[PDB]
Structure formats: C-alpha cells, structure tokens
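Residue-level listing of the chains:
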There are 2 protein chains.
Amino acid sequence: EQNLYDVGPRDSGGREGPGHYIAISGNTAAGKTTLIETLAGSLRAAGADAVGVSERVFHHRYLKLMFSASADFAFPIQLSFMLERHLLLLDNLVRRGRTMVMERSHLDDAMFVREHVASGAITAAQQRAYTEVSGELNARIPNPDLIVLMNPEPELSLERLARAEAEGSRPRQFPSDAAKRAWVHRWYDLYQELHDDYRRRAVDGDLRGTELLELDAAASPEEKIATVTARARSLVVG
Amino acid sequence: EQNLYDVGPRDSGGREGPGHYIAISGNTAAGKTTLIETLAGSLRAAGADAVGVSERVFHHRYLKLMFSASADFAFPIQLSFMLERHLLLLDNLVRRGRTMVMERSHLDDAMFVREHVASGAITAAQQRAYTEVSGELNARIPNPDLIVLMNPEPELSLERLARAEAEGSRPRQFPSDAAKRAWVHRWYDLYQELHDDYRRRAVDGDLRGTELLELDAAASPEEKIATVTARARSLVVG
Ligand SMILES: Nc1ccn([C@@H]2S[C@](CO)(OP(=O)(O)OP(=O)(O)O)[C@@H](O)[C@H]2O)c(=O)n1
Ligand SMILES: Nc1ccn([C@@H]2S[C@](CO)(OP(=O)(O)OP(=O)(O)O)[C@@H](O)[C@H]2O)c(=O)n1
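Residues numbered from 1 in each chain as written, not as in the entry; some residues may be left out. Chains lettered and ligands numbered in written order. Heavy atoms only, no water. Residues with missing side-chain atoms left out of burial classes, pairs and counts.

## Examining the interface of chain B and chain A
- In this assembly, 34 residues from chain B lie in contact with 34 residues from chain A.
- Each partner contributes to the roughly 3000 Å² buried at the junction of chain B and chain A, and carbon and sulfur atoms together form 75% of this total.
- Taken together, chain B and chain A are joined by zero salt bridges.
- Where chain B touches chain A, the interface holds 10 residue pairs in polar contact.
- Looking at the side of chain B that touches chain A, the elements with two or more residues in it are α2 (63-68), α3 (70-95) and α5 (124-138) of chain B.
- Per-element accounting of the side of chain B that touches chain A gives the leading share, 16 residues, to α3 of chain B.
- Its residues assigned to classes, the side of chain B that touches chain A comprises 19 nonpolar, six polar and nine charged. (Contact = heavy atoms within 4.5 Å. Buried area = accessible area lost by both parts, 1.4 Å probe. Salt bridge = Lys/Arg side-chain N within 4 Å of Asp/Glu carboxyl O. Polar contact = N/O pair within 3.5 Å; in protein donor to acceptor, adjacent residues only side chain to side chain. Helix = DSSP H or I, 4+ residues; strand = E, 2+ residues; numbered from the N terminus. Nonpolar A, V, L, I, M, F, W, Y, C, P; charged D, E, K, R; others polar.)

Structure below.
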C-alpha cells in the first residue's frame, strides 16, 4: 500500500536529499500504532511523501526463537532487526527521499543487544561484532529529526499485551507468562536509562540538531496525536 | 511445503545433534535447482528429514539495488544473504536436526563481499565489520559435509540467464546487459580461485572431515544427479 519496497528510480520532483525522520522511542505496548498511522496520513494530506512503518514489518519469521532459545537466536535476530530497519530507511528515507514515521529508530536497537549481553544470551565477542557493523550502517543514515520519548510503565505494557494476546490480535511471542513479564521489566529499565542518555546527547552529544518530545504512554490516543502533530506538521516538505 | 520456518520444538526421535549438510558451490546458472530438488526427494525417500533450499529463498526484496546502486546497497544486501542463510541453517540443520541440500553454503558468501571490495562498492572498513560478524555466525554452524564443486564457464552462465530472462522464468536482476556480463565474469574468476582454496583446505586446512566432489556444470542433469547421489546416499540418517 505504501510502496515500501520499490527498487525503481527516485521520484521526488526537484527536492534533493533525504526526507525527514520521525521516530517513537519506548517499550513494547506503549500505544504507538494509531499514532504513527494517523501522523503518516496527516503528513501525506499536507503534501509530504510520508510513510508510517510499524515494527511488526521487521518481525522475523524466527522471532519467537529469540525468546525461547535466546543463547542461540538472540544474536542473529538482533542483527535482523537492525539490518531490515537499515535497508528500509536507506531505500525510503535516503535513496527515495521519503519522510518516515517509525515505531522505532535505528538508534534504539543497540539497547536490545545490551539486554541480551547482560543476561548472557549474547556474548561479549558477539556484541563487539554487532557494534562494528552497527557503526558502519548507522553512519549512512541521518539521525532522526524528531524523537518522541514515550516509555510505558511495565504493568501498563503487560495489561495491554495480555488483552491483545487473549483476543488474538497479536501472537504470544514468549515461552511463558514469566518470560514476557521479565523481558518487559528489563526493557523498561533499559529504556529509562536510554531516555536519560537521549536528553544529554541532544544537548552535549550527537543529537543537537534533533528535537526531543516527551509524551506519556498512558495519555489518550487523541492527546498523543495532537501533541506529536503539533511538532511534526513543521517537518513537511513536498 | 518443507516446513522451513517452524519455531516449534525439535522432532528427531532419538537422534541427537545436527543433521547432515550437502552444498553446491558454483557461479550463477550452473544448473543447480533440478539437482538439489531431486536429491532432497531421494534423501527423504530413504528416510532422512531432508530439505532442499534454493538460493532464491534468500533473495531480498531489495536485491536489484545491490546491482543498480552497489556502493549504497551491496554491504547491507551481502549482510542479508549471510544472515538469512545462517538463520535457516541454525534452525533447520542444528536446532531441528534436519539434513540440508543447499544451492550455496555459508562458506561461499565471503567471496561475494570480496568482489564488491575489489570494485570499490564495499569499503575496507565495511568488509572488516562483515568479517567480524561472519566469523561469529560461522562458528555456530557445522562445516558442510559434502561440497559439490560445479563452476560454469561464463558464456554458459550467460546463455542460460538470457533464455530464462527472455521467457520470464526469472527476473532481470542487473541494470544493463553489460552489468550482467561483467558480474558473471568477475564471479567466475573468484570462484575458480575459491575452488582451488577448497582443494587445499580439505587437505591441509579446516575441511579435512568434509568430502569434495567435482562436477561439470555442462553435464546433463541426469549425470549430475547420478554423480552426486552416489555420494549423498551415504549421508542418510533417520
Ligand atoms: N531490536 C529489537 C526491536 C524490537 N524488539 C521486540 S519486537 C516487539 C514485539 O512486541 O515490540 P514492537 O516493537 O514490535 O512493538 P509493540 O510491542 O509495542 O507493539 C517487542 O517484543 C520488542 O521488544 C526486539 O526484541 N529487539
Ligand atoms: N552472497 C551472495 C549470494 C548470491 N548472490 C547472487 S543471487 C544470484 C541470482 O541469480 O544467484 P543464485 O544463487 O540465486 O543462483 P542462480 O543464478 O544460479 O540461479 C546470483 O546473481 C548470485 O551471484 C550474491 O550476489 N551474493
């Protein structure tokens, strides 16, 4: 529908360079999909060649093995998340000049490798190889232009996940109820640290040209849309 | 059909460990698909949980951009070939104990990065990052047990490719007739060197427990099947 995998030539009129790049940053079941789909449609209405990319686009067929056999599959499935996200951005954002609304940016994947390194599922040597490739890939992708910091509390994530799994609107990704609870909590803690890093790197680090926006994951979806649209509308190019 | 992406539990009876691993090694349009599909069916008939994997399984949606925009897409598309092959082997051969008949083994992908490094499409720094990840991935996969060296001459490859493209039985992967001709020739030269390396490493290197089998890419498909089956039938486990 959104022409995400077109290997044909760029069609951006007279506008040169990459499109613009909006990303949500937060733990699972933060309430992202209504937001990013609405934003992509409103940016298109303003004349932007914009697309919204749900993270489910990047779910490998083998995703569940990351969580049921993590010391075997966490390293290559983490490579898959960063590689497939990279390729989609390199083609759509950079090569074809389109504007992206992402449920997760290329800057967030490293924290998921950190989680598996701490648990022991990914070795230090695997992490070093990952980081070498990640640095080369990320150097070819512009920083996100607007990052929405939206980290849900763990019990909110788990309530939303439980309802979605019960009604069959998403699959059961974890090997046990406790594995789901534990990964959600470990990711929550890492995301709190990552967002504090973001606040620093937007002032004294590599993101001084990027806008950060804080957003409560428990806010109503209409409030989320209104808050993020007020900043995203400014980024429209034809 | 062959249950290649099953994240459910192993079902191998009392047999432990990985399955066995047969790979063809040669340039494009060597005449591989009839061979590997016939071999997988005959191994299954003998009671092996065997599968044949065509290389088209690993073609990324963005494959054509490797060849039309190589200095942007050769590095990540080469990462995709080795990552997707790795995951399929890690699940089917190792985790689930199945026997594989592959159109290309995990040992051959590095030569395709070498081609792009020589041309300048992949930088030396990108190649080093690739090699770091490749070493970690390959350390988790058994060597192939039987490698069939089948490298076609370039004009034979190009005649077969031209007929397949003309009748629509495969897509036109290259941006020009000359790009197709040139990549086929550069790969041919690299494969001749790779096969000479293979002959050494099966005696004095890391493949002393692997069988090599020479096969003319211009031989009739019935001769190919008979020659390879005479060695592959020995590798059947129930
Ligand atoms: N590098 C990464 C990126 C994502 N994930 C999983 S993939 C997942 C599935 O639910 O999250 P989603 O991004 O798809 O969004 P959602 O749950 O809020 O709807 C969730 O388990 C993430 O931790 C991961 O392990 N490694
Ligand atoms: N690491 C790799 C592996 C494969 N290829 C391409 S993918 C291709 C498409 O035709 O070959 P196939 O393996 O799919 O088999 P075939 O042509 O004989 O039918 C051919 O261009 C290969 O060089 C590549 O660039 N990098």
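## Focus on the relation of the copies chain B and chain A
- Between chain B and chain A, which share one sequence, the superposing operator has a rotation angle of 180° and an axial displacement of 0.0 Å; the RMSD is 0.0 Å. Each copy turns onto its partner about a two-fold axis. Among all residues of chain B, the one whose C-alpha sits closest to the rotation axis is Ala129 of chain B, at a distance of 3.3 Å. (Least-squares fit on C-alpha atoms.)

## Quick look at the site of ligand 2
Residues and elements named next belong to chain B.
- In the vicinity of ligand 2, 14 residues are found, and the nearest of them are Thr28, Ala29, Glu55, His59 and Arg170.
- Taking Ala29, its main chain carries an N or O atom lying 2.5 Å from an oxygen atom of ligand 2.
- The side chain of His59 places a nitrogen or oxygen atom 2.8 Å from an oxygen atom of ligand 2.
- Among the elements of the structure, α2, α3 and α4 (109-119) are those that each provide at least two residues to the shell around ligand 2.
- Within the shell around ligand 2, the residues separate by chemical class into six nonpolar, three polar and five charged. (Near = heavy atom within 4 Å.)

## A few points about unusual backbone geometry
All names here are of chain A.
- Phi at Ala29 takes a positive value of approximately 60°, unusual for a residue other than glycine.
- Among the secondary structure elements, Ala29 is positioned in the loop between β1 (21-25) and α1 (33-45).
- Under the relative-accessibility criterion, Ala29 is labelled buried at 15%. (Buried < 20%, exposed > 50% of the residue type's maximum accessible area, 1.4 Å probe, protein only.)

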